[PDB]
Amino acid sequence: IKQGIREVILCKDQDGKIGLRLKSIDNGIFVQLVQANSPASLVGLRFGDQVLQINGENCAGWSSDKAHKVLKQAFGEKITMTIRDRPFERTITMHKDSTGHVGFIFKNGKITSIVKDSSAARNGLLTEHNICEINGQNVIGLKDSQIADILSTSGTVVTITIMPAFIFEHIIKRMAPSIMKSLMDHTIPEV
């Protein structure tokens, strides 16, 4: 989680699209969905991200409907956005043991238990937290088996980005779980 506000310049695709859905939370506007292969993913917008401004207009108190509206009525040429990076999330780094375990049980993305003497324990991982990303990759809507596969196919060092479930549940709300599985950008970023 990069601590600060950064600026991104977007450009609508051939189809007029930017690949973004935004959700109103606590009188801000947050990224609910980033579509793979979109101007939004290229410029590196992330699920969870706060949008403070669009085109220099403040977003405070905007509905989702309204933020969606504004994006459609902007010249594709240059959409400036000012972004606070994943303010609702934290990242934990952990080490697998000899037996290739970090030390927790989870279900539907939600960590539900932590195991004694594990790295999960030593690093103070919490239950009631939804997994957002592993080792830099968005894992939301993937099935547990897939999430579990990512964890085995990772090095010894595992980095998890987590979000309190109450907040996660407020964000994905009004999002059908297939759009997540299919459309939500699950790719390693591109250099």
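Counting begins at 1, following the sequence as shown.
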| query | finding |
| --- | --- |
| Of 39-47 and 54-62, the stretch whose C-alpha atoms average the higher B-factor in the entry | 54-62 |
| Which of 132-140 and 66-74 has higher mean CA B factor, as the PDB entry lists it | 66-74 |
| Chain-relative CA temperature factor third for residue 10 | middle |
| Residue 170 CA temperature factor, ranked by third within the chain | lowest |
| Residue 23 - Cα temperature factor, lowest/middle/highest third of chain | lowest |
| Record-listed C-alpha B factor of residue 162: chain third | lowest |
| Chain third (lowest, middle, highest) by recorded CA B-factor, residue given as residue 95 | middle |
